[PDB]
Amino acid sequence: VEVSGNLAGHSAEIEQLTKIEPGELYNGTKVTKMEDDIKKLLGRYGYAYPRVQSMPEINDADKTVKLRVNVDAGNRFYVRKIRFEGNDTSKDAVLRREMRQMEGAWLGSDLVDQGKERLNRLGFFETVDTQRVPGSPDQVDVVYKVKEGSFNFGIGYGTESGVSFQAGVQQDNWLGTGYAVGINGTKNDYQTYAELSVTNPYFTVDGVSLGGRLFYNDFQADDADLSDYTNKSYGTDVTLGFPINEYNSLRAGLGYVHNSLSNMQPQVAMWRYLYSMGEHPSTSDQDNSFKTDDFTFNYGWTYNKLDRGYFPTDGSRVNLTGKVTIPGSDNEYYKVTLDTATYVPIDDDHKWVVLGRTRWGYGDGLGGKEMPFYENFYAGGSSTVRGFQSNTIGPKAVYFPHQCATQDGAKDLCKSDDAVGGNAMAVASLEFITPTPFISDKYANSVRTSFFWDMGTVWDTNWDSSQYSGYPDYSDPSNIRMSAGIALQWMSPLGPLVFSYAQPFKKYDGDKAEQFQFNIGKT
Amino acid sequence: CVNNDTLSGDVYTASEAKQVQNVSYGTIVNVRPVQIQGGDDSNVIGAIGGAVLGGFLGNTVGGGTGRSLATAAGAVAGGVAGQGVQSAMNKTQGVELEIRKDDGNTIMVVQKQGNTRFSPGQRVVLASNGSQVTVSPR
Amino acid sequence: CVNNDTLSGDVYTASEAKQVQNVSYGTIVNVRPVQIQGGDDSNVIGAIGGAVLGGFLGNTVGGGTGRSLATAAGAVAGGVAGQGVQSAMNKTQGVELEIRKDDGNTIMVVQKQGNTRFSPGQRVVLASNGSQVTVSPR
Amino acid sequence: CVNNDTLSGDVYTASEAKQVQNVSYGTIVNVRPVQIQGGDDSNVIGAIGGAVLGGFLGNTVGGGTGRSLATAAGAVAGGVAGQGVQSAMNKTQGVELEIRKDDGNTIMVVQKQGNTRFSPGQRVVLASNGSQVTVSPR
Amino acid sequence: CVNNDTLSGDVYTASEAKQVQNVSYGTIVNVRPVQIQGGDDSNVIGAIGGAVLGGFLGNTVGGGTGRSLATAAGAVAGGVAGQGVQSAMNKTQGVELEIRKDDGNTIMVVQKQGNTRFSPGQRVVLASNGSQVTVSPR
Amino acid sequence: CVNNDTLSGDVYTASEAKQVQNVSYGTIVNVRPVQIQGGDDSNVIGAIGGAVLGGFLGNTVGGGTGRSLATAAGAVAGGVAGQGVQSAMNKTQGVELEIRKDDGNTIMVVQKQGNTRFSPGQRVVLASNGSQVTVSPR
Amino acid sequence: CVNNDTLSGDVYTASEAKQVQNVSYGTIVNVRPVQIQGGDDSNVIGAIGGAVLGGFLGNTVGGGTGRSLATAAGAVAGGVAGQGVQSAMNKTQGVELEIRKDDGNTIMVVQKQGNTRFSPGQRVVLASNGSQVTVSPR
Ligand SMILES: CC/C=C/CCCCCCC[C@@H](O)CC(=O)N[C@H]1[C@@H](OP(=O)(O)O)O[C@H](CO[C@@H]2O[C@H](CO[C@]3(C(=O)O)C[C@@H](O)[C@@H](O)[C@@H]([C@H](O)CO)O3)[C@@H](OP(=O)(O)O)[C@H](OC(=O)C[C@@H](CCC/C=C/CCCCCC)OC(=O)CCCCCCCCCCCCC)[C@H]2NC(=O)C[C@@H](C/C=C/CCCCCCCC)OC(=O)CCCCCCCCCCC)[C@@H](O)[C@@H]1OC(=O)C[C@H](O)C/C=C/CCCCCCCC
Ligand SMILES: CC/C=C/CCCCCCC[C@@H](O)CC(=O)N[C@H]1[C@@H](OP(=O)(O)O)O[C@H](CO[C@@H]2O[C@H](CO[C@]3(C(=O)O)C[C@@H](O)[C@@H](O)[C@@H]([C@H](O)CO)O3)[C@@H](OP(=O)(O)O)[C@H](OC(=O)C[C@@H](CCC/C=C/CCCCCC)OC(=O)CCCCCCCCCCCCC)[C@H]2NC(=O)C[C@@H](C/C=C/CCCCCCCC)OC(=O)CCCCCCCCCCC)[C@@H](O)[C@@H]1OC(=O)C[C@H](O)C/C=C/CCCCCCCC
Ligand SMILES: CC/C=C/CCCCCCC[C@@H](O)CC(=O)N[C@H]1[C@@H](OP(=O)(O)O)O[C@H](CO[C@@H]2O[C@H](CO[C@]3(C(=O)O)C[C@@H](O)[C@@H](O)[C@@H]([C@H](O)CO)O3)[C@@H](OP(=O)(O)O)[C@H](OC(=O)C[C@@H](CCC/C=C/CCCCCC)OC(=O)CCCCCCCCCCCCC)[C@H]2NC(=O)C[C@@H](C/C=C\CCCCCCCC)OC(=O)CCCCCCCCCCC)[C@@H](O)[C@@H]1OC(=O)C[C@H](O)C/C=C/CCCCCCCC
Ligand SMILES: CCCCCCCCCCCCCCCC(=O)OC[C@H](COP(=O)(O)O)OC(=O)CCCCCCCCCCCCCCC
Ligand SMILES: CCCCCCCCCCCCCCCC(=O)OC[C@H](COP(=O)(O)O)OC(=O)CCCCCCCCCCCCCCC
Ligand SMILES: *C(=O)CCCCCCCCCCCCCCC
Ligand SMILES: *C(=O)CCCCCCCCCCCCCCC
Ligand SMILES: *C(=O)CCCCCCCCCCCCCCC
Ligand SMILES: *C(=O)CCCCCCCCCCCCCCC
Ligand SMILES: *C(=O)CCCCCCCCCCCCCCC
Ligand SMILES: *C(=O)CCCCCCCCCCCCCCC
């Protein structure tokens, strides 16, 4: 080595911070690092500009390289003002933390080089650009510059609801203040969702996030293979949200829902519920309007670890959510939904992938009253447990003789096999992802496939078998439903695609099946 | 219960063990007592911990609508008390020490109170690192 | 039960085995006893493990809304006691060693107490690495 | 069960076979026994393997509400014992060697105990590589 | 079962067939026997293989709750025995040789035991590659 | 059955037909027979084809719960034997040839044994590419 | 069906048309027959194709569990035989040619046997591209 210049106190530490072993040949990395262990440090001596540049005498005859490290130190310059122009929403506060020299401190260009870049990960700048006090040679600034509502239309097709539309306007900057306002609208066989939504991501300067949701879920049952009941429901929820980890979050809020239960196909499973609340209309005729207004408190949690957003095969994803009313509304209940996700890659080459998503739920009515039936859990279908028709798993209802009708001589509980759902849900599925063959091996690493063994068990936690002999006890703890098969998912300029074929191997009588299902657009 | 129990001259964290730290000497002037704050300003946890406990306490009084009002007044009162007691349980007794290094200077450093009772005029050693300094006696 | 058993001179991590690391010599002055903290500042696991067991101990008393109060008060008390007890299974005894190297210097290094008792005035060998140092006696 | 078994002077990983690695020579002093901790500090795999076995063991006493308390306290005690017992099946004997290379220098290296027993004064050959060194006798 | 059968001077991988190999000459000193390991630290596949087979044996004792406990205790015991057995079918006998090249140097290389028997002093013909070396006899 | 058949001097990959191959001439020394491995070290395909055929061979015995034990023990045993038998369907004979080019050097190259039988001292016409070498006898 | 059909001198791919190819001249010696293996290492298309067809041929025997046994043994034997036949329809005859360019050199190249018959001693018009060559006879 050699030192030629004023280091202000690193003159001897060259062989300790910037050392190599003699005999090592001319390197552009392990000799430049000798330059670059004192090129960044010197902003810890208040020195603003640490300059290290070393130009050896490249000697070839008997091959020694005599390094000559001209290090001249900077000087002690300070942090007066941080100035952003053109942007009416970005703050001088968060755009200080995402840089690494606070206001009122010894300042340097080279040790603010740890700050300028991360400011762009806000997701709203196109560029993130980067002063001695104007005409005064001691105090100094750090400055930046920034360069800164699109419709969207969705049309899909499918098996669970066939046709499917989306259309809504998003504008993630309300007049220059960072509020995220977004609208959405979806229509298909059973529900039509037309929602407005707002958010302020920084309620507190430190991260608290407040969203107020105005939704409307004009739903319908018969087209969705269930039994008969119609729902036009409107409600509004508001939730807080505060970051805690960047691997976590948390939320809490107050949620008011209002439902119009009507047009019910008389049947025991819901007619237990009507009594306990206090409504007993005619037991075989369908002109009845049960109205609920539920206020309900809600909360959640989250976790993210995946490395790649698109076609992810790493990390671990989690979710929790619960809910409970105050005991001062119409129906009183609570609800607990847990979610999981895990993409385990076994080696760096990343062709073997392991995935399995566990989900749990449970609900109950508190003071002896019952969970509303439209809030139950449904299992079986394409998106959760492939092979069995959508919703088809869940202890079936029992139609009354209504107008099972008295024209044919119906005078009892006509046993039915129609899916209704349930209140305790548990779905596991272990999936074992494998390479993509049969296409050119140049690009045979894209179109994903997997073999899967999906289970699903919803039951009525309060269903009776004292009173129903000829029927089984529909609360069996191990009435599992496994299935297997295949399916191919990928990207193409016509949206998200997948095609499937899954054989239902295990099931019980009364459990329908659906071997084949597809997805284009959205499901 | 934020753990600011590492801010004494008699406790070290895990991250600064088995590492080389310089030694500088000095004498001491002007010890005086001072309190130390440690934690956050939002106190996002004490608020919830006081809020649920003050909220469930509402469900004990009244009935009908009179209950559903007390179960919110109690909730915000518990919310206030949660921060009012969490951030008053992070106070710690401590000291503020002027020292004159033998190198010729004077510096100030502040520490949590421990067992030893310093004096104005004594020899104390500065186990120095990259901008963390602990003042042990002798 | 975070494992802070690597902080002595009598245990090595697996990432410091089968490696070349230099040796310097020195003598010892001023050994004094010190406690060593470790691990997390938040104790997010002790909080959960305390909250659950504190909640399930609230279900055992009362009936109705008198129970539903206890099943939350117990939860908060268990949540606090969790952090309270977890940050008590990290207190580990240790020592603070000041040593004069033969090059002519002085440094000070802190290290978990083991079996051997260092003495005021002795010879120790400094096993050095990329800014990691362990002190072996003899 | 972590396998810190390749840290011996007697077993090589399959990534270090059929390779060219240099040979240096040296004499040896200062042999002392030291333990080796291998694996991760958090040690999460044994936490589940203790929590579940201590949770199902909680379903064996009492009934009603008194069974939930038991099968949660047993769960957290099982988790604690799990982390406590896994990190105590990685402890492995080892040696500290202070070798003088015939160049004229000194380095120390730590290495899992095998079968051969080093001595105070012996000739060893350093199978050296990019900072991985195995010390064999003779 | 890792197929660590390719570490012989008598079995080549298909990655290095029909490829050009430099040749050097040398003599040999100090043959000695050494075990060779391979694979991963964790042995995932053996873990699950142990866990499931040790779970389905758990079901076959008792009933009610005592079955539900044993089917988990057997599960974790089989899981441990997995890693305990998988890492036992990679232990392969082998040798470690240092050889004196006719250039005038010394290197040492480690190989699987084969049919050939080496001696201390023999004209072994190196095959070299991009840092892969085999030692053939005579 | 990973296609390790193109490692002879009598079969070419389609990737190197209609390309330019340099010609060198040389004489030959010390032909010796060797085996060649090819494919994977983990043998994933044999694992499935052993696992399913060991599973469905379990179902043929017992009933109740002892059925559910054999129908997994058979699966794991088949999984082991799968990797066991796949990596024995790739052991193929071969030769190792040291050859002296007219340049004045020596190299050795390894090939799959075909039908023609080399001799100790002959003439072979090297075909060279981007580090691929073949040996034809004449 | 792997398309190794563009390996003749009488067939060109759609990428090597309407592009300029340099022309050189030469004489010819040492023509000998060779087999060309063209396609993938895995044969992962006829492997499934044989697997499915070998499966459905399993349901057609036995009854009950003895059926469900055969409906898998047929699969892997059907699966394995799939590769064994697909790799038997990628074998193609071809020739090896030692051409002397009039530049004064020698190179060799192999091709799929076409309709023309090369001979030892003739004139050929080497067509060249970005390291791609064909040998038309005349
Ligand atoms: C080594 C080998 C492997 C390990 C295990 C192998 C086992 C092998 C053999 C097994 C034989 C088995 O048959 C035993 C059995 O379970 N036998 C039991 C079994 O029969 P089977 O055999 O199954 O057929 O079941 C029966 C069910 O019993 C009861 O069921 C009721 C409802 O069910 C009933 C009904 O309404 O009556 C009856 C039933 O027939 C059916 O009809 C149901 C129906 O389902 C719905 O109604 O209804 C519940 O009332 P509810 O629902 O309305 O609420 C009731 O809850 C109740 O009774 C509520 C109780 C609650 C007591 C709270 C204790 C917590 C201490 C923490 C404080 C410290 C603060 C920091 O409250 C009371 O009872 C009030 C009494 C006043 C005084 C009590 C003490 C107050 C505080 C003490 C502090 C002490 C300080 C020194 C519940 N008690 C109960 O189910 C039982 C309850 C009673 C208390 C026992 C004393 C334990 C003291 C230890 C603490 C030391 C403190 C320093 O036992 C328990 O909560 C166990 C809880 C252990 C939790 C872990 C400890 C955590 C803390 C330790 C410190 C680290 C029991 O009688 C049998 O027990 C009995 O025949 C009595 C006999 O003794 C057995 C009891 C076992 C407990 C041992 C645990 C100790 C070590 C822990 C090990 C991990
Ligand atoms: C070359 C070889 C190739 C093989 C195939 C080729 C040809 C074969 C084809 C046709 C022949 C065959 O069909 C014969 C047959 O199946 N015959 C059977 C067939 O009838 P059919 O043919 O259809 O007419 O099925 C019927 C089923 O029988 C019983 O049915 C009960 C329920 O049935 C009932 C009811 O009452 O509820 C009534 C019934 O009528 C019906 O209604 C059903 C209803 O459907 C639902 O309930 O219910 C179950 O009780 P449950 O519900 O509560 O569970 C019970 O399982 C039970 O009760 C629970 C059982 C299970 C315990 C297993 C644990 C042992 C640990 C081993 C480790 C050693 C040391 C640690 O436990 C017991 O039964 C207690 C026995 C103790 C001894 C166990 C062996 C251990 C020995 C070592 C000990 C250490 C000391 C040295 C079950 N027993 C049973 O189903 C059988 C059970 C009995 C134990 C066998 C003893 C010797 C085995 C030697 C093996 C290793 C030893 C070194 O065995 C088994 O489950 C299989 C055991 C597999 C072990 C594999 C180990 C892993 C290997 C990995 C290698 C690396 C039996 O009648 C026939 O067997 C009998 O009439 C009695 C007979 O004697 C036993 C049967 C033979 C099994 C052995 C073969 C396995 C080898 C491995 C295969 C890959
Ligand atoms: C080399 C050899 C190779 C082996 C090959 C062979 C393998 C297979 C062959 C087939 C034979 C086998 O089938 C035998 C059998 O299972 N036979 C059983 C089978 O019959 P069949 O198969 O049909 O023929 O099933 C029958 C049903 O069993 C019973 O079912 C009841 C419910 O049934 C009922 C009801 O009342 O609700 C009525 C019934 O009629 C029916 O209708 C059912 C119906 O299904 C639902 O309604 O309902 C349960 O009550 P519940 O629902 O309310 O819970 C009850 O469990 C109960 O009640 C609850 C139990 C609690 C037991 C658990 C605690 C053990 C401690 C271990 C760790 C130490 C802690 C630090 O409590 C009791 O049983 C009360 C006993 C009081 C005294 C306890 C003393 C133990 C203390 C030890 C302390 C040591 C300290 C150092 C349960 N007992 C039972 O199931 C039995 C229970 C007996 C109590 C303990 C004795 C031995 C303990 C050894 C521990 C060593 C300690 C160092 O045994 C067991 O739960 C198995 C326990 C497994 C433990 C695994 C290890 C876990 C910990 C790991 C530690 C490292 C039993 O009669 C038969 O039992 C019996 O024949 C019992 C007999 O007497 C002796 C059996 C010994 C077991 C040895 C196995 C161990 C190896 C483990 C492998 C991983
Ligand atoms: C690391 C600290 C984590 C602390 C979490 C403790 C979990 C508490 C679970 C209590 C369950 C009681 C509710 C139902 C009671 C009942 O009688 O339930 C009865 C039913 C089964 O009995 P039936 O046969 O009568 O249905 O359920 C059970 O017995 C469920 C099994 C309980 C044992 C599971 C072990 C504890 C949690 C698992 C590990 C999670 C750790 C995750 C860490 C990352
Ligand atoms: C290595 C750490 C893994 C720890 C995992 C512990 C899980 C404990 C599961 C106990 C099962 C009892 C639940 C209900 C009992 C019952 O009567 O359940 C009833 C039903 C079936 O019984 P019937 O046939 O009588 O209906 O289900 C079962 O019996 C479930 C089968 C259990 C055996 C599988 C063994 C564990 C699964 C695979 C292991 C995963 C390892 C992960 C490695 C990282
Ligand atoms: C460390 O301290 C973690 C924070 C835990 C929060 C502590 C909350 C204290 C509870 C006070 C409740 C006062 C109730 C008053 C209602 C009128
Ligand atoms: C390693 O030391 C961390 C262990 C993980 C947390 C376990 C802490 C135990 C919690 C005890 C809860 C006591 C409840 C008291 C009720 C009043
Ligand atoms: C490598 O050894 C990994 C093993 C991980 C689990 C080891 C077994 C620990 C479980 C012990 C649980 C005891 C609970 C007792 C409660 C009273
Ligand atoms: C190569 O070896 C691949 C791994 C094959 C699995 C081997 C693991 C064997 C599992 C044995 C389980 C024994 C359970 C004993 C319980 C007491
Ligand atoms: C190329 O060779 C791929 C081959 C795919 C695997 C075929 C191997 C057959 C596996 C036989 C399993 C034996 C069953 C034993 C049952 C006890
Ligand atoms: C291009 O050629 C595509 C691949 C062709 C696949 C043909 C599969 C042949 C299957 C023959 C079946 C024999 C099975 C006999 C088992 C007893």
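As a summary of the residue check, G:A72 satisfies the conditions (1) surrounded by 14 or more Cβ atoms within 10 Å (Cβ to Cβ); (2) within 9 Å of chain F (Cβ to nearest Cβ); (3) within 12 Å of ligand 11 (Cβ to nearest atom); (4) more than 26 Å from F:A127 (Cα to Cα) except for the one numbered (3). Suppose the filter is closer than 30 Å to B:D10 by Cβ and of a type in the set (D, E, K, R); does C:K18 pass it? So C:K18 fails the test. The criterion of being surrounded by 21 or more Cβ atoms within 10 Å (Cβ to Cβ) and of a type in the set (A, V, I, L, M) does not hold for A:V324.
Scanning the range E:41-65 for residues that are farther than 22 Å from D:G79 by Cβ and at the interface with chain D (Cβ under 9 Å from one of its Cβ atoms), we see that the one that is nearest to ligand 7 (Cβ to nearest atom) is E:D41. Restricting to the range A:1-41, and then to whatever is more than 13 Å from A:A73 (Cα to Cα) and among the β-branched types (V, I, T), can you tell me which residue is surrounded by the most Cβ atoms within 10 Å (Cβ to Cβ)? Per the stated criteria, the residue is A:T18. Search the range C:100-135 for residues being at the interface with another protein chain (Cβ under 7 Å from one of its Cβ atoms) and among the hydroxyl-bearing types (S, T, Y), and hand back the single one that is nearest to B:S128 (Cα to Cα). Across the range C:100-135, the extreme among qualifying residues is C:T106. With respect to the stated conditions, E:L97 fails to be over 14 Å from E:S24 (Cα atoms), facing another protein chain (nearest Cβ under 9 Å), in contact with a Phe, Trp or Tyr (Cβ under 9 Å, 6 or more places away or on another chain) and not basic (K, R).
Restricting attention to the range A:506-523, the residues that are among the aromatic types (F, W, Y), assigned to a loop (DSSP other than H, G, I, E, B) and within 28 Å of the chain's Cα centre (by Cα) total 1.
Counting only residues that are polar (S, T, N, Q) and facing chain C (nearest Cβ under 7 Å), which one in the range D:83-94 is surrounded by the most Cβ atoms within 10 Å (Cβ to Cβ)? Result: D:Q83. Answer with yes or no whether G:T27 is of a type in the set (V, I, T), closer than 30 Å to F:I48 by Cβ, touching a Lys or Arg at 6+ places or on another chain (Cβ under 9 Å) and more than 16 Å from ligand 7 (Cβ to nearest atom). No; evaluated as a whole, the condition is false for this residue.
Based on this model, can you work out whether E:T27 counts as part of a strand (DSSP E or B), more than 16 Å from ligand 10 (Cβ to nearest atom) and more than 12 Å from chain D (Cβ to nearest Cβ)? Yes; evaluated as a whole, the condition is true for this residue. Within the range C:27-37, does at least one residue satisfy the condition of being within 16 Å of ligand 4 (Cβ to nearest atom) and within 22 Å of C:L7 (Cβ to Cβ)? There is no residue in the range C:27-37 that is within 16 Å of ligand 4 (Cβ to nearest atom) and within 22 Å of C:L7 (Cβ to Cβ). Each residue in the range C:50-88 was checked for being within 16 Å of ligand 4 (Cβ to nearest atom), of a type in the set (S, T, Y) and part of a helix (DSSP H, G or I), and 1 of them qualify.
A count restricted to the range D:55-69 and to residues that are buried (at least 19 other Cβ atoms within 10 Å of the Cβ) and within 13 Å of ligand 8 (Cβ to nearest atom) stands at 4. The residues of the range A:447-479 that are in a loop (DSSP other than H, G, I, E, B) and among the aromatic types (F, W, Y), listed by number, are A:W463, A:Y468, A:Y471, A:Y474. Check the range A:298-318 and report whether any residue there is in the same structural domain as A:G211 (by CATH), among the hydrophobic types (A, V, I, L, M, F, W, C), assigned to a strand (DSSP E or B) and surrounded by fewer than 17 Cβ atoms within 10 Å (Cβ to Cβ). The answer is yes, given that some residue of the range A:298-318 is in the same structural domain as A:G211 (by CATH), among the hydrophobic types (A, V, I, L, M, F, W, C), assigned to a strand (DSSP E or B) and surrounded by fewer than 17 Cβ atoms within 10 Å (Cβ to Cβ).
Kindly check whether there is at least one residue in the range E:53-74 that is away from ligand 10 (no atom under 16 Å from the Cβ) and touching a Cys at 6+ places or on another chain (Cβ under 9 Å). Looking for residues that are away from ligand 10 (no atom under 16 Å from the Cβ) and touching a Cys at 6+ places or on another chain (Cβ under 9 Å), one finds none in the range E:53-74, hence no. Residue-level analysis places G:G114 outside the set of residues that are outside any helix (DSSP H, G or I) and touching a helix residue (DSSP H, G or I) at 6+ places or on another chain (Cβ under 6 Å). Candidates in the range C:101-115 are the residues that are closer than 17 Å to C:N30 by Cβ and within 26 Å of the chain's Cα centre (by Cα); of these, the one that is surrounded by the fewest Cβ atoms within 10 Å (Cβ to Cβ) is C:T106.
Of everything in the range G:30-49 that is touching a helix residue (DSSP H, G or I) at 6+ places or on another chain (Cβ under 6 Å) and in a helix (DSSP H, G or I), the residue that is farthest from F:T71 (Cα to Cα) is G:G46.
Residue-level analysis places D:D40 outside the set of residues that are of a type in the set (D, E, K, R), within 14 Å of the chain's Cα centre (by Cα) and within 30 Å of E:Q111 (Cβ to Cβ). Considering F:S87, F:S128, F:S136, the condition of being under 30 Å from E:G50 (Cβ atoms) and away from ligand 6 (no atom under 16 Å from the Cβ) is satisfied by F:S87 alone. Would you say B:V2 is at the interface with another protein chain (Cβ under 9 Å from one of its Cβ atoms) and hydrophobic (A, V, I, L, M, F, W, C)? In short, yes.
Because the Cβ atoms are built from the backbone with ideal geometry, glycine has one as well, and the counts that use them run over all protein chains shown. What is reported rests on the model, the rules as stated and the sources as named; no laboratory instrument gave them.
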